[PDB]
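Q: There's a structure below that I have some questions on.
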Amino acid sequence: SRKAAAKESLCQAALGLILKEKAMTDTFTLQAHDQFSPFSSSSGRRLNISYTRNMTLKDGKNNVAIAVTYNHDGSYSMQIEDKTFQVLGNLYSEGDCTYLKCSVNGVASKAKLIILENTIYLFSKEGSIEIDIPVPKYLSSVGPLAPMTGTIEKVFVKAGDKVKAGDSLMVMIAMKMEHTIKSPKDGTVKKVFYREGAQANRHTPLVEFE
Amino acid sequence: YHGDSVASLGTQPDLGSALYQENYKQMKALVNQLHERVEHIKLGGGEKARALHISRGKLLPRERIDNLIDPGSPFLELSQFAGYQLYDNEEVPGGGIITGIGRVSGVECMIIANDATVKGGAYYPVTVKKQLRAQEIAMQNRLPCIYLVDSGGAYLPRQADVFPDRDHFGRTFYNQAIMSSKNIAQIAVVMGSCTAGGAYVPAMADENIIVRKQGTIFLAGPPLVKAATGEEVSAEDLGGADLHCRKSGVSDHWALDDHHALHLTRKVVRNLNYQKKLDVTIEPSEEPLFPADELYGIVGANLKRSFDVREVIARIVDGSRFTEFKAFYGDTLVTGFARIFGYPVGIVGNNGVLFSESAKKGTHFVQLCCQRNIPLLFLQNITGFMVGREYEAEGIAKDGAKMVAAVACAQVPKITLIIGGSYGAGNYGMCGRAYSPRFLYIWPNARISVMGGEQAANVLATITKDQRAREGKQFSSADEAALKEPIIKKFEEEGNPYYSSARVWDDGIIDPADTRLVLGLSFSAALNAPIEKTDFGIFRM
Amino acid sequence: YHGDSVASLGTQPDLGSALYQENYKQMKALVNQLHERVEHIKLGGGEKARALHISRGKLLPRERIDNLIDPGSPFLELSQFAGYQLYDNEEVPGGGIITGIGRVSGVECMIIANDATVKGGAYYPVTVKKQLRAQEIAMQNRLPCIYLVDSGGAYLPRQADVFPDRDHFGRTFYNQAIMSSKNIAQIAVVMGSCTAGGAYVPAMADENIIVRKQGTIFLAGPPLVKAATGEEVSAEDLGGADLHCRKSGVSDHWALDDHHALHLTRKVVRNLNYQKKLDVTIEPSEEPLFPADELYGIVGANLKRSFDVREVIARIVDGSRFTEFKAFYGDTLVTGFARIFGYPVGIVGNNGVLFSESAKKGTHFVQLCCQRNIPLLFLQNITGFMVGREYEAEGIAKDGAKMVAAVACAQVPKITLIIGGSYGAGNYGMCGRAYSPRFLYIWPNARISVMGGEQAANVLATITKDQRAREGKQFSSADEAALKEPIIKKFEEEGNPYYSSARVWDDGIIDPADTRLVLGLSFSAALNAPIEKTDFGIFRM
Amino acid sequence: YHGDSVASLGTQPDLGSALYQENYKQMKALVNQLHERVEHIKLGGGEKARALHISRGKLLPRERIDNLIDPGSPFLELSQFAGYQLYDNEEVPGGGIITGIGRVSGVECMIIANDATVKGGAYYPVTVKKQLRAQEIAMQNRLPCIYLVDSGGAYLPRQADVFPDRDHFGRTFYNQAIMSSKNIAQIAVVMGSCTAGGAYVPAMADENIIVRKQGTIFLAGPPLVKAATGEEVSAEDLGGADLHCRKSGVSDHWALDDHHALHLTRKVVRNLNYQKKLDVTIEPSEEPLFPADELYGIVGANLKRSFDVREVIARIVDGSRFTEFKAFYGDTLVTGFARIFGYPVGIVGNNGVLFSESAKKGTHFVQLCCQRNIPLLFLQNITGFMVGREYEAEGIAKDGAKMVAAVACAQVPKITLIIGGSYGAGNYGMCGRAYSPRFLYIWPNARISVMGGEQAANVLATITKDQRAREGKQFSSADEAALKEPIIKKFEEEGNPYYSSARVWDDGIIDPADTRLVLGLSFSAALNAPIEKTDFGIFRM
Ligand SMILES: CCC(=O)SCCNC(=O)CCNC(=O)[C@H](O)C(C)(C)COP(=O)(O)OP(=O)(O)OC[C@H]1O[C@@H](n2cnc3c(N)ncnc32)[C@H](O)[C@@H]1OP(=O)(O)O
Ligand SMILES: CCC(=O)SCCNC(=O)CCNC(=O)[C@H](O)C(C)(C)COP(=O)(O)OP(=O)(O)OC[C@H]1O[C@@H](n2cnc3c(N)ncnc32)[C@H](O)[C@@H]1OP(=O)(O)O
Ligand SMILES: CCC(=O)SCCNC(=O)CCNC(=O)[C@H](O)C(C)(C)COP(=O)(O)OP(=O)(O)OC[C@H]1O[C@@H](n2cnc3c(N)ncnc32)[C@H](O)[C@@H]1OP(=O)(O)O
Ligand SMILES: *C(=O)CCCC[C@@H]1SC[C@@H]2NC(=O)N[C@@H]21
Ligand SMILES: *C(=O)CCCC[C@@H]1SC[C@@H]2NC(=O)N[C@@H]21
Ligand SMILES: *C(=O)CCCC[C@@H]1SC[C@@H]2NC(=O)N[C@@H]21
């Protein structure tokens with residue numbers, strides 16, 4: 001079965017993600033007119049205070065919160081649950097592969113860093129660990145109303161039915177223009193409010209989900 | 001060509017000298033005090049209001065700015081010390097508001113975030129002062145402005161000091177109306193509840209964002225409706241996000257929660273069609289050859305002893321290189337050419353009292369910097385302006401007036417940094433606050449008053465001795481000490497960096513070492529605007 | 001053609017009605033009180049300091065302005081009521097300074113005269129506020145500026161409130177440096193003794209004048225020389241007129257006495273090569289058909305009763321003619337076209353609360369006035385902004401925001417006059433102080449606050465009744481009266497014309513009748529500048 | 001930064017649904033019909049005239065444009081369907097002329113080639129219409145213009161419709177005279193025989209090319225010389241290439257044959273000193289995530305059923321990303337921000353009748369696009385403008401007028417595409433032909449008329465029923481059918497894409513799939529000109 005990641009492995013995943021974001025920043029700068037300028041160094045240098053980034057990584061089924069403090073010398077202090085790790089490292093290339101060079105609490109290591117859509121792959125000489133980046137709700141979300149004031153030609157569904165998203169619920173004609181309603185939502189219909197041949201108005205609810 | 005070798009500034013200081021140890025210890029004490037004070041100001045309104053802020057699903061405002069800017073980007077906060085002991089029993093951290101410059105989607109944006117944990121996000125007069133300062137920073141530098149609206153409205157007991165004047169609260173909407181006519185994009189993100197005067201801040205935006213079940217806009221609150229009409233209405237039924245996105249049309253984007261609103265903000269900024277163009281010339285950057293804990297040791301805390309300002313310019317420029325202009329004529333002013341982070345800088349600094357030769361050298365250097373379109377960095381360490389009968393006979397007044405005219409007419413991005421004292425009309429000549437620099441930071445040892453405490457105490461002692469000797473009474477040593485303690489005490493208290501930075505007289509007490517990085521950040525924002533041609537007035541010859 | 005006949009405004013009021021008698025009596029009482037207060041402010045620092053001012057051969061400052069301007073010319077004083085009960089035991093008449101607009105050698109000049117009879121001519125913070133207001137009036141309107149220097153310097157106990165900020169004393173020299181780069185001529189007449197910060201006011205002038213045995217300029221006084229050096233020197237030996245005209249070269253003309261200095265000032269102004277050019281169109285002037293003691297009877301003192309604003313526009317325009325624009329749609333705002341003294345004016349006035357139809361009508365009219373380059377006169381009589389659930393559902397916020405954006409982006413010469421109340425954000429929509437009008441005068445019945453006293457008292461009464469009913473304690477009538485007396489008292493005291501005009505929030509309480517003449521004078525100065533093209537921002541549709 | 005992830009549009013349609021099969025089959029039938037019609041138009045004047053064109057050593061005109069442009073370059077032909085059944089028995093393929101945009105020596109040039117195989121290359125009135133359209137496309141977009149002159153002259157029987165008016169034939173020379181004053185280079189290549197009015201087309205060129213024994217220029221032909229004088233002269237002896245290159249001086253380069261003339265044309269274009277500068281910002285390009293045979297299935301042929309316009313915007317933009325502006329307020333108009341081929345586009349599309357909220361949203365979005373200098377792509381699928389008594393009471397007229405004013409005052413490169421119906425005054429609001437877009441293409445299912453056929457038939461049926469019931473006669477079903485068949489028939493015939501594109505009312509019926517590529521090509525040519533600042537008129541609030 002799959003085994004849980006060690007806290008040091010989560011530090012490596014967090015560091016690889018941070019350095020990948022830096023890489024994107026660096027390749028943006030290479031195309032900029034304003035070259036050599038500050039803001040291009042992903043140092044997290046706040047004025048008079050420190051910056052702590054709170055990120056969450058998903059280890060299998062469970063979420064782990066990692067608080068990453070940006071240190072003045074380029075190191076990171078990553079606190080995972082309670083334990084603080086001193087995390088340093090960088091990226092280097094050998095041919096067409098990218099490697100992540102780490103030092104965590106004085107322990108040096110090297111692993112291949114591949115980030116594909118959401119999953120962070122770390123390939124080392126002791127195994128292979130897959131850490132997932134959680135996807136926020138507003139990127140994964142993708143009842144209905146009447147478009148105008150018209151008469152309904154054909155109903156489709158009743159209570160007790162089930163439709164899946166992108167389904168015909170109703171067709172209504174409003175000043176000679178056939179409008180087929182569809183479902184952005186999902187589930188099971190609890191009530192259909194307008195039977196076929198009745199007059200529905202503008203922004204009037206047609207069906208309902210309980 | 002750009003290849004030949006050039007001598008550099010800098011002297012390795014005597015690290016074993018007891019003057020170095022005492023200066024280093026006292027400046028380190030000042031910087032540690034600064035550190036612990038800003039770590040107390042960072043928490044905001046305290047743990048009770050932070051619990052009631054996170055119990056409603058709201059991100060805390062520093063977390064909002066952390067999730068808004070590019071990942072790993074440095075944030076330049078402005079005026080972190082506003083409202084510090086400015087009101088009697090009212091502790092207002094940060095003024096109630098968090099303003100700074102950050103990097104959003106590759107664009108340097110100016111961010112204005114209402115901290116709602118401190119007194120409900122209500123507007124104090126210092127909050128309005130800090131906000132209008134941020135908005136003219138955005139207008140001078142052409143920075144797109146982002147507001148994170150979560151206010152409460154003016155602060156009624158103080159309503160006079162907030163409402164009617166020219167630079168009171170309504171000026172804010174003036175600043176959004178003018179900046180929209182100049183293609184400086186204004187985004188408002190309604191994360192809270194702007195009410196009845198603050199509802200113009202989302203309504204005058206070029207592109208707006210609102211949050212469901214959390215963000216309310218109305219010109220009249222439910223107390224005002226229940227008093228004037230008698231109709232009970234809630235907040236979300238009156239001015240909620242569904243009502244404004246769907247029926248009224250005030251909001252332009254709709255957001256599920258706070259993270260969605262900041263994501264949508266980054267989208268709106270990415271589609272602004274803005275491309276940064278530098279008109280100055282850039283060289284590949286370098287580093288100073290001397291560290292800045294040496295600036296702790298060099299500069300120190302006592303203002304009686306002088307130092308060399310060149311040992312500061314060795315510590316903050318690229319390569320420690322410095323082309324000194326007119327180096328022997330009037331060496332109480334040090335003017336030269338350097339580079340910070342690639343940008344060409346004309347550096348003007350002090351070394352003593354200002355003779356007339358120093359003012360002539362300063363006027364010549366400011367004219368060179370405006371003819372070649374080079375920015376100017378002024379470093380203030382002023383005692384005064386060289387008293388004497390002979391010097392007033394020479395016309396020392398018209399030479400200081402020439403420096404003031406050339407400094408005030410200059411169109412290049414000027415940045416002032418007060419590394420020591422800043423007293424009297426020399427403060428006007430070296431581009432103080434009233435002469436519109438881009439940014440004005442101070443060090444934690446600085447003093448700024450109309451004169452020194454000893455000058456005021458001693459001229460008042462001599463004048464009162466002169467009038468009593470015309471009178472005849474005995475003016476003893478104890479009468480002189482009772483005359484000299486409250487003048488010194490008042491000019492010491494009200495000349496502090498914390499007294500000056502509790503208002504928005506300066507853009508923030510900065511660490512000496514961080515000085516280098518801070519100047520680079522400042523200059524980067526100031527190069528977001530094209531440089532206009534300078535035309536001076538009449539030089540009083 | 002311009003010959004056909006046109007109907008006119010105006011209704012003859014019921015002069016026998018007891019409402020007219022009571023309104024007339026109460027407004028006459030206000031105007032008589034204004035008269036006696038300004039006759040006390042006119043004397044200045046009192047007879048002792050006036051005797052010691054005339055014992056040195058010096059003209060008194062009002063006599064200086066009387067001998068400076070053209071013979072018989074009207075002088076428009078600005079902010080006569082500054083410093084009125086603004087400091088605790090310190091009575092500062094006129095702020096210490098006399099600023100106004102006059103006609104010198106045929107040119108409208110702006111005159112700034114240091115009254116030396118009031119506290120030695122020392123600069124109070126309100127003196128600096130009044131002076132910087134005068135200087136931006138001169139810069140907006142392109143008026144040549146004349147200073148009659150007879151100061152004493154900052155006021156040390158208040159030195160913080162005078163020295164460091166952006167709009168503190170040093171801004172003055174910024175304003176003379178920028179205005180000299182724009183060909184706005186600056187003349188300083190040293191009639192007194194500017195000292196050590198004020199000596200930049202003569203030194204930064206394009207052409208200077210000094211008086212023998214009476215006028216001293218130095219950057220350092222004889223106390224400072226006697227303290228720093230130990231050399232006893234007088235005032236005339238150190239910085240006298242002979243030393244400055246002959247050796248140092250600070251002064252450009254030399255004057256025997258005060259009359260010679262004012263004569264030389266008129267010569268310097270005559271040789272400025274300035275020729276006034278109007279870009280607006282002028283018609284031959286006329287008169288109102290109704291007198292303005294009728295404005296005493298119409299308007300009165302109570303703000304509860306409304307009146308018609310058209311009966312004001314019949315009393316102040318030429319011929320009582322008024323082309324009313326969009327007269328039925330939203331008649332709580334009255335917008336039309338008239339002429340004062342030949343100048344074309346677009347008149348915007350209030351008649352009640354501001355519905356959304358009123359804001360749309362206002363935005364349309366301001367766009368017409370900027371499209372045709374016509375000046376704008378705003379008349380403020382505001383209660384509020386029409387509370388209700390339906391009106392917030394309609395988007396009343398975005399309509400007020402459209403009026404604020406079009407008012408703030410407008411480049412025509414705008415003049416505000418507050419003929420009644422001016423409360424809240426409607427004050428921002430009708431071009432209050434923060435939106436940069438040219439001039440802003442008020443009538444002696446006006447009130448200006450963030451809300452009315454009754455609004456604040458009643459919403460606080462209803463909110464505290466709401467929270468006690470959630471609590472459970474008894475909130476009686478006597479608790480409500482003890483809740484309602486200090487709110488009403490504070491908003492009545494701090495909403496006064498004398499409280500608002502003790503600061504420089506407004507350019508002066510004017511008589512109602514004199515209103516007509518005053519507006520003409522104001523508009524004449526505002527037409528000394530060419531009119532720029534207006535470009536608005538984004539209209540929130 | 002530009003690195004974070006963003007949601008995208010698009011829904012995978014139900015490919016098994018019988019609505020999809022029927023819509024796909026009917027749109028595929030329309031596109032195949034378009035294909036075979038343009039393959040018949042491509043051959044030109046037929047094989048007899050093509051044999052007599054190649055027997056004189058002349059390249060055919062499509063081979064001329066194939067050898068003129070860069071190798072492998074896409075050619076964008078404009079108005080391929082002009083003259084389609086426009087004259088009774090006269091079949092005029094392509095109008096007689098071949099106009100388009102191509103890439104010559106790295107420069108986007110506009111090419112105008114006289115097809116001499118169709119009626120001797122004579123000018124029909126539609127040929128003049130097509131040519132003047134091409135020339136204003138070259139002037140709007142600053143494209144250098146190349147003419148391949150091989151005409152015959154006006155078409156005498158139609159001489160009125162060709163000669164005198166403003167936009168008749170002589171306007172051509174006006175267009176070459178104005179464009180030469182603006183540095184838009186005009187090259188004429190005389191490959192044929194321009195005669196007596198067309199001889200101004202080579203003579204007004206900035207640099208000319210002629211072909212020996214093949215190219216003749218004269219202001220008077222040998223019939224006119226033989227009639228007026230009686231001197232027999234040939235064509236080559238009168239106006240040949242040797243006479244014009246050597247004695248008269250009309251031609252500037254001399255060419256052996258057709259390939260030499262096209263080679264010399266490419267040389268002349270290479271030495272124009274033109275360097276393209278983009279002022280917009282570019283991102284690295286991408287692809288849509290959904291194919292466009294899905295646009296066949298989605299859109300279909302019936303105009304009764306609606307579809308979602310967002311499923312079109314998923315199919316034509318880069319990455320299928322689309323920042324939707326004001327997504328809930330008035331969702332009968334879809335406005336958002338996208339990118340095509342790197343270029344930033346502001347996309348405005350329809351979803352139904354236009355309420356007043358839709359017009360306000362449209363006015364706001366067009367102001368944003370002109371404020372940020374972003375191009376605009378309008379997608380037209382209009383039924384009408386929401387009839388009703390309440391909506392006329394609301395002022396639906398002034399909101400449509402605001403959208404028309406902001407669309408007509410806009411200076412950004414606008415491109416219209418009519419993806420469905422386009423009826424009535426909504427056609428004016430969504431930037432139809434009379435509002436000067438850069439390019440206006442249509443799809444083969446579009447309809448364009450002053451109203452729909454059913455609207456005209458039904459309002460005429462109800463009006464005639466109303467007047468007969470005032471009269472008294474019987475208006476039966478058969479009288480109604482005889483009333484409704486010719487109105488429907490006429491509005492169906494004259495609303496076609498082929499009827500609209502037989503004239504130059506649109507720049508060409510395009511395939512749906514090719515739509516994506518075509519828009520990119522169009523926008524590339526439209527970015528050859530710098531973008532001017534937009535200033536709007538008066539917004540009727
Ligand atoms: C008509 C022209 C204008 O626009 S002038 C309008 C003047 N402004 C107002 O009165 C708006 C009222 N402010 C508010 O938001 C209300 O107090 C409500 C909605 C009840 C605030 O709810 P809640 O989120 O629970 O408040 P909070 O915990 O953030 O309050 C923090 C503390 O500050 C206070 N506060 C807040 N706003 C004002 C204000 N405008 N004037 C005076 N005090 C204010 C609150 O009472 C609260 O006191 P405390 O710190 O909890 O003891
Ligand atoms: C470089 C920074 C700047 O530019 S601000 C520097 C601050 N200014 C000064 O201290 C200048 C000193 N002012 C003066 O003119 C001196 O007091 C002298 C020359 C003695 C005035 O002489 P005399 O003409 O007799 O005085 P006066 O009768 O006009 O004085 C009126 C009353 O006001 C007082 N006063 C005047 N100036 C100041 C001042 N700057 N700070 C504080 N008080 C001031 C005078 O003492 C005098 O008091 P009283 O009303 O007579 O009881
Ligand atoms: C003073 C202002 C002006 O410029 S008004 C002058 C009007 N223009 C003219 O009449 C020019 C005469 N056009 C021609 O080129 C002559 O017809 C000549 C030189 C004989 C054409 O020779 P060729 O090359 O053999 O002719 P083609 O085979 O290309 O002719 C094609 C068919 O079209 C006809 N055509 C041509 N031009 C005109 C014209 N302007 N008006 C009327 N018909 C014209 C030709 O007659 C010929 O007819 P068909 O198709 O062969 O049956
Ligand atoms: C002693 O107590 C200080 C006396 C005056 C201060 C000195 S004198 C020279 C410097 N210039 C100036 O105006 N003040 C400084
Ligand atoms: C009574 O005490 C006053 C209640 C509120 C004041 C009225 S309600 C309508 C006007 N608009 C506004 O905002 N205040 C005024
Ligand atoms: C039926 O034959 C059509 C009647 C009118 C056409 C409809 S009504 C609403 C749409 N708007 C418009 O002006 N015409 C369309």
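Identifiers in the structure tokens: chain A, B, ... in order shown; residue index from 1 per chain; ligand index from 1 in order shown.
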With only C-alpha atoms and all ligand atoms counted, collect every polymer residue having an atom within 9 Å of ligand 4; state the result as a compact mmCIF listing (two decimals) with N, CA, C and O atoms, in the first residue's frame.

A:
# COMPACT_ATOMS: atom_id res chain seq x y z
N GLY B 352 28.23 69.20 6.38
CA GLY B 352 28.35 70.24 7.39
C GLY B 352 27.36 71.35 7.15
O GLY B 352 26.30 71.15 6.56
N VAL B 353 27.72 72.54 7.63
CA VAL B 353 26.91 73.72 7.39
C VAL B 353 27.00 74.11 5.92
O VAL B 353 27.95 73.77 5.22
N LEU B 354 26.00 74.82 5.44
CA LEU B 354 25.94 75.15 4.02
C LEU B 354 26.44 76.57 3.81
O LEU B 354 25.73 77.54 4.07
N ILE B 382 21.91 67.67 8.24
CA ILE B 382 22.06 69.12 8.28
C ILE B 382 22.09 69.58 9.72
O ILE B 382 21.29 69.15 10.54
N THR B 383 23.02 70.48 10.02
CA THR B 383 22.96 71.25 11.25
C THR B 383 22.34 72.62 11.01
O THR B 383 21.44 73.03 11.74
N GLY B 384 22.80 73.32 9.98
CA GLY B 384 22.29 74.65 9.74
C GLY B 384 22.79 75.29 8.47
O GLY B 384 22.92 74.62 7.44
N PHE B 385 23.08 76.59 8.52
CA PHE B 385 23.29 77.33 7.29
C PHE B 385 24.35 78.42 7.47
O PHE B 385 24.27 79.47 6.82
N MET B 386 25.33 78.19 8.35
CA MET B 386 26.53 79.02 8.52
C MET B 386 26.29 80.48 8.89
O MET B 386 26.32 81.37 8.04
N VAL B 387 25.95 80.72 10.17
CA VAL B 387 25.72 82.08 10.66
C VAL B 387 27.02 82.89 10.63
O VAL B 387 28.13 82.35 10.55
N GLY B 388 26.87 84.20 10.66
CA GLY B 388 27.98 85.13 10.65
C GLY B 388 27.58 86.41 9.95
O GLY B 388 26.70 86.45 9.11
N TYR B 423 17.32 70.15 10.20
CA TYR B 423 16.84 71.30 10.95
C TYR B 423 16.74 72.52 10.05
O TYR B 423 17.66 72.81 9.29
N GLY B 424 15.63 73.23 10.16
CA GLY B 424 15.53 74.55 9.60
C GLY B 424 15.45 74.58 8.09
O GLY B 424 15.11 73.60 7.43
N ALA B 425 15.81 75.74 7.54
CA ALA B 425 15.62 76.01 6.13
C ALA B 425 16.58 75.25 5.24
O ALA B 425 16.34 75.17 4.03
N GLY B 426 17.66 74.70 5.79
CA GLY B 426 18.45 73.75 5.04
C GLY B 426 17.66 72.53 4.64
O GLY B 426 17.86 71.98 3.55
N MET B 451 14.61 73.92 14.60
CA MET B 451 16.01 74.11 14.95
C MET B 451 16.32 73.01 15.95
O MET B 451 15.43 72.31 16.42
N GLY B 452 17.60 72.85 16.27
CA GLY B 452 17.97 71.91 17.29
C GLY B 452 17.48 72.33 18.66
O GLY B 452 17.09 73.47 18.88
N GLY B 453 17.45 71.37 19.58
CA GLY B 453 17.06 71.71 20.94
C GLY B 453 18.04 72.64 21.61
O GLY B 453 17.64 73.55 22.34
N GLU B 454 19.33 72.45 21.34
CA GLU B 454 20.33 73.34 21.92
C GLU B 454 20.30 74.71 21.28
O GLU B 454 20.55 75.70 21.96
N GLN B 455 19.99 74.80 19.99
CA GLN B 455 19.94 76.12 19.38
C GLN B 455 18.79 76.91 19.99
O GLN B 455 18.96 78.06 20.34
N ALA B 456 17.62 76.30 20.11
CA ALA B 456 16.48 77.00 20.67
C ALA B 456 16.73 77.38 22.12
O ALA B 456 16.47 78.52 22.52
N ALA B 457 17.29 76.45 22.90
CA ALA B 457 17.58 76.73 24.30
C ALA B 457 18.62 77.83 24.47
O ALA B 457 18.46 78.72 25.31
N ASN B 458 19.65 77.84 23.62
CA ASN B 458 20.72 78.80 23.79
C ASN B 458 20.35 80.17 23.25
O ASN B 458 20.73 81.18 23.86
N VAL B 459 19.62 80.26 22.13
CA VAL B 459 19.24 81.60 21.69
C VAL B 459 18.17 82.16 22.61
O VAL B 459 18.14 83.37 22.85
N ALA C 196 15.39 84.54 8.59
CA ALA C 196 15.98 83.21 8.73
C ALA C 196 15.16 82.05 8.18
O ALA C 196 15.69 80.95 8.02
N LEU C 219 19.52 85.65 6.81
CA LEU C 219 19.28 84.25 7.14
C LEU C 219 19.61 83.91 8.59
O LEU C 219 19.37 82.78 9.00
N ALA C 220 20.15 84.86 9.35
CA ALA C 220 20.53 84.64 10.74
C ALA C 220 20.47 85.96 11.47
O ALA C 220 21.02 86.96 11.00
N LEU C 224 21.32 85.05 16.99
CA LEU C 224 22.02 83.86 16.55
C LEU C 224 23.50 84.14 16.31
O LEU C 224 24.34 83.28 16.57
N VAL C 225 23.82 85.33 15.81
CA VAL C 225 25.22 85.70 15.64
C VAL C 225 25.89 85.90 16.99
O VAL C 225 27.01 85.44 17.21
N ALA C 227 25.10 84.44 19.74
CA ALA C 227 25.24 83.16 20.41
C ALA C 227 26.31 82.29 19.76
O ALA C 227 27.19 81.75 20.44
N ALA C 228 26.25 82.15 18.43
CA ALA C 228 27.18 81.26 17.73
C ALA C 228 28.58 81.85 17.65
O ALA C 228 29.56 81.13 17.82
N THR C 229 28.69 83.14 17.37
CA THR C 229 29.99 83.78 17.21
C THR C 229 30.42 84.54 18.45
O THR C 229 31.50 84.30 18.99

Q: Could you write out as a PyMOL selection string the residues of chain B within 7 Å of chain A, counting only C-alpha atoms?

A: chain B and resi 35+38-39+71-77+103+260+276-278+284-285+341-342+520-521+524

Q: Which residues sit within 6 Å of ligand 1, counting only C-alpha atoms and all ligand atoms, listed as a PyMOL selection string?

A: (chain B and resi 119-122+152-156+195-197) or (chain C and resi 424-425)

Q: Name all residues at most 9 Å from residue 157 (chain A) (count only C-alpha atoms; drop same-chain ones fewer than 4 positions away) and give them as number ranges by chain.

A: A: 161-163, 168-170, 189, 192

Q: Distance cut-off 10 Å, counting only C-alpha atoms - which residues of chain B neighbour chain D? Return them as a PyMOL selection string.

A: chain B and resi 69-71+73+103-107+180-185+206-209+242-254+263-264+266-268+270-275

Q: State, in Å with one decimal place, the distance from atom 12 (C, counted along the ligand's line) of ligand 3 to CA of residue 218 (chain D).

A: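 Answer for the atom 12 (C, counted along the ligand's line) of ligand 3 to CA of residue 218 (chain D) separation: 11.4 Å.
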